[PDB]
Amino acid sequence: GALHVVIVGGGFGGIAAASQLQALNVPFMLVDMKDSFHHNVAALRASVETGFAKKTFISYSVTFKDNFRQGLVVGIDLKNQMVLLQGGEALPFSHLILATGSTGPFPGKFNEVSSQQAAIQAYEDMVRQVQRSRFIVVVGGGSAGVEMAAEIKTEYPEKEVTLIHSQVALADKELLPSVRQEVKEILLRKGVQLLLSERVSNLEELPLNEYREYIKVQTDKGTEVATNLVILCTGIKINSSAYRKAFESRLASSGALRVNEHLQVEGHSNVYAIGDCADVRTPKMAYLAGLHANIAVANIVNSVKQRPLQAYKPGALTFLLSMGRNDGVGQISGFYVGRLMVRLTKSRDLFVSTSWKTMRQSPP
């Protein structure tokens, strides 16, 4: 019938879709459990640079006003076509965009519901923990952990940083071998110590994000590393809380929703999945969440116009690793790119400006 879209999740995917619909004057409601969007892509820098955290949270209210509702989605009532919020509120939808992202540990993710002031302060508190600590361990040498280790060494080149990683090679396994090698070479040039093929084994006794006189980190192999600070970069998990019951039969084992070339959820013409929660065969990226949002919004419109849907054309992997504000490496459509490009394109600003642009607000 008449258009009234509901978007579950104000992440990179959700704010792209919401600003698009808002610009098209398409009625919609954006729902998020938090009161502001988190530019998590810069949360590592927010962990090492004083006064940076305020640049990484953007209030939904200011941008979306009455098209925003803060709330915890607890289910999808498909028979009545409504989104269900904790407390009892129900939002009817003509079309549903599921953009729930994923959960993970601080600092890389901030899934907590808290005041903007507490959220910013949690990171400020993190910057002081790092500045106190002479020895620091980063657990997990995927694409998050290598940035975290590199950020620390760049801002504080006197500190002793150890990166412990259970794989033989650093960062995403889909990356070009040349890109992974240069990630390693940059870390060593910066003086980060690498413990490869080691799994930290006593995580449940380690205080995290907290300076301490003495922290004993152990590994499967029996290595022990004494440290002042431990930071977890051990990965993220698809957040399926909003839809896992109503869509149980459509979920991949990751909890992602199976989708067709049009990003329609399997079995549905008026439900779309974008961002991390969509079952696409690619590393989880804010970059791709935005691309998914274009296609979902385009295809809601296309489908009411009764026109054929657009297909997502995946191509070769594009992926940029910032290595502190002064370095980095990555690839574009499957081809290596080096320090000057990555440092100017990602490392300097970590795409922060793009989120304020989408939100139509100016950073403090």
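The first residue of the shown sequence is 1; numbering continues from there. Note that the rigid core is defined as the largest set of C-alphas that superpose within 1.5 Å between two forms.
For 283-291 versus 158-166, the mean Cα distance to the shown form in 5 other deposited structures of this protein after rigid core alignment is larger for 283-291.
Note on 320-328 and 23-31: with rigid core alignment, C-alpha atoms in 5 other deposited structures of this protein sit farther from this form for 23-31.
Mean C-alpha B-factor is higher over 150-158 than over the other stretch, the pair under comparison being 261-269 and 150-158. Here 131-139 and 247-255 are compared by their mean Cα B-factor, and 131-139 comes out higher. If you compare the C-alpha temperature factors of 216, 109, 284, 95 in the entry, 216 comes out highest. Residue set 239, 294, 81, 202: peak C-alpha B-factor at 202 (per PDB entry). Placement of the Cα temperature factor of residue 89 within the chain: middle third of the modelled residues, per the deposited record.
Among all modelled residues in its chain, residue 167 ranks in the middle third by Cα B-factor. When the modelled residues of the chain are ordered by their C-alpha B factor, residue 27 lands in the lowest third.
Residue 345 sits in the highest third of its chain by CA B factor, as recorded in the PDB entry. In this PDB entry, residue 299 carries a Cα temperature factor that places it within the middle third of its chain's modelled residues.
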